[PDB]
Amino acid sequence: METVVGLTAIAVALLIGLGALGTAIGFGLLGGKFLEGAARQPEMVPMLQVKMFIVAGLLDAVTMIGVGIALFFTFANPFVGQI
Amino acid sequence: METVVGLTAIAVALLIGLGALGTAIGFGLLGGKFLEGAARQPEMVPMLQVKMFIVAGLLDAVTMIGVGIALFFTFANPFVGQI
Amino acid sequence: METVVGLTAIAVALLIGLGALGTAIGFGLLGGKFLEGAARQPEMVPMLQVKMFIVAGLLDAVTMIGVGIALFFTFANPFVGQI
Amino acid sequence: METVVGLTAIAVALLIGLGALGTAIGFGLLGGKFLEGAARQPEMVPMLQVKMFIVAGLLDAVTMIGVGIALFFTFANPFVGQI
Amino acid sequence: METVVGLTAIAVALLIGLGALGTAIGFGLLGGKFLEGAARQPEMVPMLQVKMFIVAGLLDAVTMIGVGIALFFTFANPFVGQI
Amino acid sequence: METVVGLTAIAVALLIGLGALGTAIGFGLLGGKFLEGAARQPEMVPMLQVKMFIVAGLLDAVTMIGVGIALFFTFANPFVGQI
Amino acid sequence: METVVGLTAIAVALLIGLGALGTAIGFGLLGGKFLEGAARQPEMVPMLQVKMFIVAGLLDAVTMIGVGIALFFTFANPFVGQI
Amino acid sequence: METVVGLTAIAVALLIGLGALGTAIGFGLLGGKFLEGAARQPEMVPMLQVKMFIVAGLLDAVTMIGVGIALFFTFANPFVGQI
Amino acid sequence: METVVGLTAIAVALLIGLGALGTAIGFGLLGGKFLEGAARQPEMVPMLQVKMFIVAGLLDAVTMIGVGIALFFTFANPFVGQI
Amino acid sequence: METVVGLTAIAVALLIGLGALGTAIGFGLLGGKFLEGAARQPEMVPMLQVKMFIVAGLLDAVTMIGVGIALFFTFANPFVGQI
Amino acid sequence: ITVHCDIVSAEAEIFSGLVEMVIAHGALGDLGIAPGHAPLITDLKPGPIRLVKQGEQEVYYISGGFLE
Amino acid sequence: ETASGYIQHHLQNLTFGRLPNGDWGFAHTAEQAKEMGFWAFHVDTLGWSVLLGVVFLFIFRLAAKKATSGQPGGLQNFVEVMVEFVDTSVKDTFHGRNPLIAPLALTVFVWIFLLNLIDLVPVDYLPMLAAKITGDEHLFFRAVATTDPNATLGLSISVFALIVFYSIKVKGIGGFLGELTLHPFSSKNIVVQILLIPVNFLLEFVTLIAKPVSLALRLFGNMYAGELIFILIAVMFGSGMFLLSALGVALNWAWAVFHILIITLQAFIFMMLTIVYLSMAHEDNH
Amino acid sequence: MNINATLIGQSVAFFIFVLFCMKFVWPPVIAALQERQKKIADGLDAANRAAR
Amino acid sequence: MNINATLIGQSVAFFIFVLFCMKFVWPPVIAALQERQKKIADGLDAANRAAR
């Protein structure tokens, strides 16, 4: 049993860690271009915020599935019940 | 039994984690250029939105395959039957 | 018997996962410049769109071999017969 | 107990190491653009500053969920209870 | 034979996975410059498209060797013949 | 017990290493833009330098949380107590 | 002997895969600049194409050494001899 | 005893190798902008040089902590004393 | 010396593989700027080519030491002699 | 004893392998802006060349420490004496 | 130390002589120009140019133009 | 004694607990201290934190009492530079009229700076003098207050109470809950809005809770690493060897000079983030 | 490391200190700075009144 | 462990840090407040010259 439970602890760290790494870099790129556009055209700021959020919805789609499944593997375990 | 079941949690974590990392970084690059284009020509934004969604389909295509195979490996695991 | 089945589950995760990671970043780069070009030259978008699909065929070429071999290894394993 | 506990030190180190990796690179991207906007437009600094702090909370959110679950695996253990 | 066979599946997954990762990122870089050139000078497209295929031959050269060695290690095995 | 001690040494190294990697690449991005902004006009170098130190607090935050927990693992050990 | 063989299958996969990854990304950066230069100065293409092949000889210099050693470890084996 | 001694030699390679990787890329990013800014304003070089060395001390801050903990682990050993 | 011999095959793959990866990406960046400068001002090519070879010496300096050590561990072996 | 020596060969490959990877990418980022500065300010290239060597010593500071320790581990291994 | 600077219009000159530093509102962000700056051609914004002269200071309003 | 024992001793606080023997009781070993519940207090951490707060208040109040109106006294000149620097930092970050942000920011900056300042003196001077004065050669004692997570958490939780209070005071309870559920994603129809309220809460609540947790750990990390790196440098001299002691003194000086940057930056950054976080509880960004 | 009620004592001391300094540390110094501001402003206006 | 030698070595480092402080760190910050002290006197005097 202990190898399945121990490998599940690493699976959870791998699910959340890669999603944290990806979203932090993704928002550095997206938000960096929002500040660039806001600096050149300060009149466009109220419109651009809305457009940035559209992309943020696509950027967080898979990461939320990943952290949701990671929490599921800590409070429940579909592998431990299969041995 | 336990090694096949335990290594399938790592396989599921890699299928979703690597996909999440790529999709989050990919949309940061794509959306960042969309906001630059929207700031440059605000009259073309309705057209740039539909063109962005054409690319969004190509960008997430293999990621959707990987999260569909990871939810298949999680419920009714195909490797348990082979042993 | 179990070690080959355990290691082949991770081999399938490397084939789909590294392919998903690379293609999602590749289309973020390719598509970002497609939207920038379309935002710069609104009348050229129907010409740039066909050129993007010619490049999409090169970008996903090796990735389609990765997912093809991964699904082959999942259902008709060629390594389990060599032990 | 020895394998589950020794593999939890590696789990904790991947949760805070990948979070530290991504947020330091992300704030280098976001901040590198805030300093350029502050140089291009001296009068926009207070507006660019408040807009940078909106994105800064989005950038570290998932990393802080990983720093927090890592601290929880460091002073408590949901796996050892799984004997 | 069991560990040599189990490690051959990972070896094949690395050969095709690292090849797919590099080729997808490589065409994202080369492709973005072709679209930038096509947008700047639409009269140059016939020449730029031929020069892109000359570069595509250099870019995929080692990736195709990797896919060839991976297919060789899939339908045959030089390690298993050594016991 | 030796597996717990040995995997804690790798935990310390991943926890300090991925943080040192993130801090060095993150400040190379932030610092590079500070010098470019300083080159645009030297009268604002003191103002920009004050803004850089404010962002350094966001960038080097999680990297120091890892250095703190790692230095708590280089001598003391909360995992040894768990048996 | 079975370990000495099986680890050479992974050594060959790293040696060709990391070479394929670097060469594929490297030509995307070099080739993307060749298309940019060719669109700017069409009359200089005969000279730029020859200069690209000078750089291509330096870019692949170490990758071809890696492929040569990887084929040497595949059809011959200075490790199986335990020498 | 031997497992801790062997895994700490690799812990020293991760501490110095990940710090070497980050410090070499971080100075390529910071120094590329210092030479670009020195070409922009060759009369301001003395000022930009001091601002560059101030940031250089921020890059080699966590890397020197890791190069100092890694020399501690080669000439003394805090893990071996724990048996 | 199965352990010493085996793990040495991996060591050689890491030495030449990481060196090939860095050298191929490094020349993609250096060479991309050489073609840009050559297209920007064609009369500077005689100087720019010599300046590229000065940087190429610094770029490959550590990679060539890594390849030298990799061929030393392949035909001779210090680890097998130490026992 | 073999596990200490075998893992030491991999520690050595990680010390110089990660150093080669970071210095080659770092000199491509640094050298790429040097050629651009020389193309924009051709009469100032002697100054730009002198300014570049000040960054080269800082870019190679932690990487040469890794190379020095790697040679030390190969000819005077400090872990074999730790029983 | 001192760079030659001339403010010129289609109808008549506005300023001339040597200066120490020039501050102008360019098309993509403000600029601080000093002796020895690299070749730069740039569209200006409607706004003022401040010319530092060996220590005294001069200010002139402008309605647009090109900074060479 | 072994070096592991010296390091293990320095990493322990002076905990006070109600042991059955009598009304007042103190922990005598690391395990016995770890067995005490949350309802125990670190005598050393609190002693240094209240004392330095009173020392700062006393030197500032002596000057505030003797306000010359015109030309300031030698100490008053420094107090005014600090009041002007904080007022400037506040006016540049916050445009409201609330009088509580500037006194809070000055307190946060000067107090945290002094809590960190006691780290520059040799790490075992104070513990040895405290042990000799108390008459117990084996007393656990730590001078630097910010190297205890509890001290940094007390600062951030105190700031977070003010952030939630002002947000509710100006936006109203229904408005505050509204910002946590109606933004940033919104729609023209209720059928879509009900699908967006969990997404809005998932973004806002996570980004709200990360402020108090990051503030504490951001301050604790650099300082705890500073104290422990000084302890590792302190052990180097314990060998008695000439060349190794020569390396130790050179590293101690280089680390101490580098730490003059860290002590200043952590106090300044916690102040700026306090001002920034409070200023965005009086404004709306959707 | 070990979790204790130590944060309470420091937080309670801080809340009382933050309320005290706002009434006995900031008001005397800000008033002494506002007086000088007023004196510089009216002193410069005095020259404009004399010139008019 | 030579405890006394550690106290002397650390005291030497602390003395060198204070020597370095008096040589470079301390002179500018103590002088800046004294220059501000002069600037305040000169400003208010100028306002009083205008008042006369």
# chains A, B, ... in the order shown; residues from 1 in each chain; ligands from 1
call {"tool": "residues_around", "arguments": {"residues": "residue 56 in chain J", "least_positions_apart": "3", "cutoff": "9 Å", "atoms": "only C-alpha atoms", "output": "PDB file with N, CA, C and O atoms, in the first residue's frame"}}
result
ATOM      1  N   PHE H  27      22.741  37.007 -16.275  1.00  0.00           N
ATOM      2  CA  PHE H  27      23.684  38.019 -16.735  1.00  0.00           C
ATOM      3  C   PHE H  27      23.635  38.199 -18.252  1.00  0.00           C
ATOM      4  O   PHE H  27      23.982  39.272 -18.738  1.00  0.00           O
ATOM      5  N   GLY H  28      23.141  37.221 -19.015  1.00  0.00           N
ATOM      6  CA  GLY H  28      22.967  37.401 -20.445  1.00  0.00           C
ATOM      7  C   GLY H  28      21.795  38.357 -20.679  1.00  0.00           C
ATOM      8  O   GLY H  28      21.863  39.220 -21.547  1.00  0.00           O
ATOM      9  N   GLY H  31      23.107  41.978 -18.995  1.00  0.00           N
ATOM     10  CA  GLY H  31      24.223  42.527 -19.752  1.00  0.00           C
ATOM     11  C   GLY H  31      23.892  42.820 -21.207  1.00  0.00           C
ATOM     12  O   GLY H  31      24.398  43.798 -21.753  1.00  0.00           O
TER      13      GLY H  31
ATOM     14  N   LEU I  58      33.770  32.154 -26.612  1.00  0.00           N
ATOM     15  CA  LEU I  58      33.246  32.233 -25.243  1.00  0.00           C
ATOM     16  C   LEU I  58      32.031  31.317 -25.060  1.00  0.00           C
ATOM     17  O   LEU I  58      31.886  30.659 -24.030  1.00  0.00           O
TER      18      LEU I  58
ATOM     19  N   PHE J  27      25.667  33.617 -23.143  1.00  0.00           N
ATOM     20  CA  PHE J  27      26.491  34.322 -24.123  1.00  0.00           C
ATOM     21  C   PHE J  27      25.742  34.550 -25.444  1.00  0.00           C
ATOM     22  O   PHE J  27      26.143  35.428 -26.203  1.00  0.00           O
ATOM     23  N   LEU J  30      23.740  37.812 -24.414  1.00  0.00           N
ATOM     24  CA  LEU J  30      24.716  38.899 -24.281  1.00  0.00           C
ATOM     25  C   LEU J  30      25.349  39.272 -25.622  1.00  0.00           C
ATOM     26  O   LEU J  30      25.323  40.430 -26.031  1.00  0.00           O
ATOM     27  N   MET J  52      31.609  44.596 -22.704  1.00  0.00           N
ATOM     28  CA  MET J  52      31.125  43.212 -22.725  1.00  0.00           C
ATOM     29  C   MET J  52      31.954  42.294 -21.817  1.00  0.00           C
ATOM     30  O   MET J  52      31.388  41.481 -21.085  1.00  0.00           O
ATOM     31  N   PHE J  53      33.282  42.435 -21.797  1.00  0.00           N
ATOM     32  CA  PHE J  53      34.125  41.585 -20.957  1.00  0.00           C
ATOM     33  C   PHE J  53      33.882  41.787 -19.452  1.00  0.00           C
ATOM     34  O   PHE J  53      34.116  40.865 -18.673  1.00  0.00           O
ATOM     35  N   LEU J  59      29.071  36.671 -15.621  1.00  0.00           N
ATOM     36  CA  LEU J  59      28.285  35.585 -16.203  1.00  0.00           C
ATOM     37  C   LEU J  59      28.928  34.215 -15.919  1.00  0.00           C
ATOM     38  O   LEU J  59      28.227  33.253 -15.622  1.00  0.00           O
ATOM     39  N   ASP J  60      30.257  34.153 -15.884  1.00  0.00           N
ATOM     40  CA  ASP J  60      31.038  32.940 -15.611  1.00  0.00           C
ATOM     41  C   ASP J  60      31.479  32.796 -14.142  1.00  0.00           C
ATOM     42  O   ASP J  60      32.226  31.882 -13.808  1.00  0.00           O
ATOM     43  N   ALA J  61      31.000  33.625 -13.219  1.00  0.00           N
ATOM     44  CA  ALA J  61      31.458  33.538 -11.835  1.00  0.00           C
ATOM     45  C   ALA J  61      31.056  32.216 -11.158  1.00  0.00           C
ATOM     46  O   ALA J  61      31.915  31.465 -10.707  1.00  0.00           O
TER      47      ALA J  61
END
call {"tool": "residues_around", "arguments": {"residues": "residue 15 in chain D", "least_positions_apart": "5", "cutoff": "7 Å", "atoms": "only C-alpha atoms", "output": "PyMOL selection string"}}
result
(chain A and resi 13+17) or (chain D and resi 66-67+70)
call {"tool": "calpha_fit_rmsd", "arguments": {"fixed": "chain D", "moving": "chain E"}}
result
0.3 Å
call {"tool": "select_by_dssp", "arguments": {"residues": "chain F", "states": "alpha helix (DSSP H)", "output": "number ranges by chain"}}
result
F: 2-40, 45-59, 61-73
call {"tool": "residues_around", "arguments": {"residues": "residue 8 in chain M", "least_positions_apart": "2", "cutoff": "10 Å", "atoms": "only C-alpha atoms", "output": "ChimeraX atom specification"}}
result
/L:41,46,150-151,153-155,157-158 /M:4-6,10-14
call {"tool": "residues_around", "arguments": {"residues": "residue 69 in chain C", "least_positions_apart": "5", "cutoff": "12 Å", "atoms": "only C-alpha atoms", "output": "ChimeraX atom specification"}}
result
/C:8,11-16,19,62-64,74-78 /E:9,12-13,15-17,67,70-71,74-75
call {"tool": "atom_distance", "arguments": {"atom1": "CA of residue 44 in chain C", "atom2": "CA of residue 39 in chain E"}}
result
7.7 Å
call {"tool": "calpha_fit_and_write", "arguments": {"fixed": "chain M", "moving": "chain N", "output": "PDB file with C-alpha atoms, in the first residue's frame"}}
result
ATOM      1  CA  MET N   1       5.465  26.668  21.647  1.00  0.00           C
ATOM      2  CA  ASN N   2       2.191  28.442  20.689  1.00  0.00           C
ATOM      3  CA  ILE N   3       3.590  30.260  17.571  1.00  0.00           C
ATOM      4  CA  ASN N   4       0.118  31.642  16.623  1.00  0.00           C
ATOM      5  CA  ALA N   5      -0.362  33.122  20.151  1.00  0.00           C
ATOM      6  CA  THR N   6       3.056  34.883  19.810  1.00  0.00           C
ATOM      7  CA  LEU N   7       2.020  36.448  16.456  1.00  0.00           C
ATOM      8  CA  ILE N   8      -1.277  37.683  18.044  1.00  0.00           C
ATOM      9  CA  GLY N   9       0.463  39.037  21.222  1.00  0.00           C
ATOM     10  CA  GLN N  10       3.128  40.874  19.164  1.00  0.00           C
ATOM     11  CA  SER N  11       0.394  42.166  16.753  1.00  0.00           C
ATOM     12  CA  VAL N  12      -1.523  43.550  19.795  1.00  0.00           C
ATOM     13  CA  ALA N  13       1.676  45.310  21.002  1.00  0.00           C
ATOM     14  CA  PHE N  14       2.248  46.731  17.465  1.00  0.00           C
ATOM     15  CA  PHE N  15      -1.425  47.900  17.249  1.00  0.00           C
ATOM     16  CA  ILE N  16      -1.096  49.576  20.720  1.00  0.00           C
ATOM     17  CA  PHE N  17       2.162  51.253  19.531  1.00  0.00           C
ATOM     18  CA  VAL N  18       0.364  52.586  16.370  1.00  0.00           C
ATOM     19  CA  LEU N  19      -2.636  53.733  18.519  1.00  0.00           C
ATOM     20  CA  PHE N  20      -0.186  55.580  20.848  1.00  0.00           C
ATOM     21  CA  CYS N  21       1.580  56.986  17.741  1.00  0.00           C
ATOM     22  CA  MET N  22      -1.714  58.407  16.293  1.00  0.00           C
ATOM     23  CA  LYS N  23      -2.648  59.830  19.780  1.00  0.00           C
ATOM     24  CA  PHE N  24       0.678  61.634  20.609  1.00  0.00           C
ATOM     25  CA  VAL N  25       3.709  60.975  18.268  1.00  0.00           C
ATOM     26  CA  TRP N  26       2.085  61.667  14.835  1.00  0.00           C
ATOM     27  CA  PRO N  27      -0.155  64.829  15.352  1.00  0.00           C
ATOM     28  CA  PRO N  28       2.696  67.361  16.119  1.00  0.00           C
ATOM     29  CA  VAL N  29       5.082  66.237  13.305  1.00  0.00           C
ATOM     30  CA  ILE N  30       2.356  66.151  10.590  1.00  0.00           C
ATOM     31  CA  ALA N  31       1.004  69.556  11.801  1.00  0.00           C
ATOM     32  CA  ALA N  32       4.510  71.189  12.000  1.00  0.00           C
ATOM     33  CA  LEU N  33       5.032  70.587   8.234  1.00  0.00           C
ATOM     34  CA  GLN N  34       1.519  72.084   7.562  1.00  0.00           C
ATOM     35  CA  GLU N  35       2.377  75.152   9.741  1.00  0.00           C
ATOM     36  CA  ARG N  36       5.661  75.455   7.699  1.00  0.00           C
ATOM     37  CA  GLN N  37       3.455  75.195   4.551  1.00  0.00           C
ATOM     38  CA  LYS N  38       1.469  78.252   5.850  1.00  0.00           C
ATOM     39  CA  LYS N  39       4.664  80.148   6.922  1.00  0.00           C
ATOM     40  CA  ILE N  40       6.133  79.738   3.392  1.00  0.00           C
ATOM     41  CA  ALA N  41       2.894  80.998   1.758  1.00  0.00           C
ATOM     42  CA  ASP N  42       2.676  84.000   4.164  1.00  0.00           C
ATOM     43  CA  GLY N  43       6.363  84.915   3.649  1.00  0.00           C
ATOM     44  CA  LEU N  44       6.333  84.820  -0.182  1.00  0.00           C
ATOM     45  CA  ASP N  45       2.924  86.633  -0.224  1.00  0.00           C
ATOM     46  CA  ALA N  46       4.369  89.427   1.950  1.00  0.00           C
ATOM     47  CA  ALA N  47       7.276  89.689  -0.588  1.00  0.00           C
ATOM     48  CA  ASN N  48       4.686  89.892  -3.450  1.00  0.00           C
ATOM     49  CA  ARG N  49       2.651  92.584  -1.521  1.00  0.00           C
ATOM     50  CA  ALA N  50       5.910  94.604  -1.347  1.00  0.00           C
ATOM     51  CA  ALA N  51       6.506  93.968  -5.113  1.00  0.00           C
ATOM     52  CA  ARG N  52       2.991  95.461  -5.820  1.00  0.00           C
TER      53      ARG N  52
END
call {"tool": "atom_distance", "arguments": {"atom1": "CA of residue 55 in chain K", "atom2": "CA of residue 43 in chain D"}}
result
25.5 Å
